[PDB]
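>>> Just the structure for this:
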Amino acid sequence: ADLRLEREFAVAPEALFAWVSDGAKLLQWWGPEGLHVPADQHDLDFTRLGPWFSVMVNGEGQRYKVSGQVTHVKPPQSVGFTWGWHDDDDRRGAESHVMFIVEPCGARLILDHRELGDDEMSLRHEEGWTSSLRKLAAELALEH
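Numbers count the residues shown, from 1 in each chain. There you are, the coordinates:
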């Protein structure tokens, strides 16, 4: 019910943080490879506190909506937000907390997702995040 992922990048921590907090940048790699978020419906931005949400659509038209609350935004340091998927009738279930933290070295990113349904879910999310980070990595290497 608790997962941890991390990767280093040849960019400046200031940059890495902007890439994991700014909506313009977030909307670039959000969601696993294969699915995207329609500009039509979302509020993906961890730059300020308050409600955040975002639906994802895959290559087959399947929609997935996840909501949350940005709990803390430490501009250079880190961000933290609430996590909850939505029902077939727009009803969010089990809630979790996601945290993106930087820390230079270049700069490395730590993704920590806790309080998930169980282990079988702590896996499904890990691979999901893993898949989604590939898109960030690529997005970064394109901006150098």
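>>> Please make it C-alpha for all contacts and neighbour counts, starting now.
OK.
>>> Tell me, how many residues neighbour the residue nearest to residue 115 when sequence neighbours are not counted?
Nearest residue to residue 115 in three dimensions, chain neighbours excluded: residue 96, at 5.0 Å (C-alpha to C-alpha, 6 or more residues apart in numbering). Using other C-alpha atoms under 10 Å, residue 96 is surrounded by 18 other residues.
>>> Next up, the contacts around residue 96.
Going by C-alpha atoms under 8 Å, 6 or more residues apart in numbering, residue 96 touches 82-84, 113-116.
>>> what comes into contact with the helix ranked longest in the chain?
Ordering each helix of the chain by length in residues (DSSP state H) puts helix 119-141 first. With contacts defined as C-alpha under 8 Å, 6+ apart, helix 119-141 is touched by 1-5, 9, 11, 28-33, 116.
>>> Put the alpha carbons of that helix into CSV.
This file holds the C-alpha atoms of helix 119-141, laid out as CSV (Å, rounded to 0.1, in the frame of the first residue of the first chain):
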residue,chain,number,x,y,z
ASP,A,119,-0.2,-4.3,-2.5
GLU,A,120,-1.9,-5.4,-5.8
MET,A,121,-2.8,-1.8,-6.2
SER,A,122,0.7,-0.5,-5.0
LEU,A,123,2.0,-2.5,-8.0
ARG,A,124,-0.5,-1.4,-10.7
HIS,A,125,0.3,2.2,-9.7
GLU,A,126,4.1,1.6,-9.7
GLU,A,127,4.1,0.3,-13.3
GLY,A,128,1.8,3.2,-14.1
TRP,A,129,4.1,5.8,-12.7
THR,A,130,7.1,3.9,-14.2
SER,A,131,5.4,4.2,-17.6
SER,A,132,4.5,7.8,-17.1
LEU,A,133,8.0,8.8,-16.0
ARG,A,134,9.3,7.5,-19.4
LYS,A,135,7.3,10.4,-21.0
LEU,A,136,8.8,12.9,-18.6
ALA,A,137,12.4,11.7,-19.2
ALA,A,138,11.8,12.0,-23.0
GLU,A,139,10.2,15.4,-22.5
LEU,A,140,13.2,16.6,-20.6
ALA,A,141,15.8,15.3,-23.0
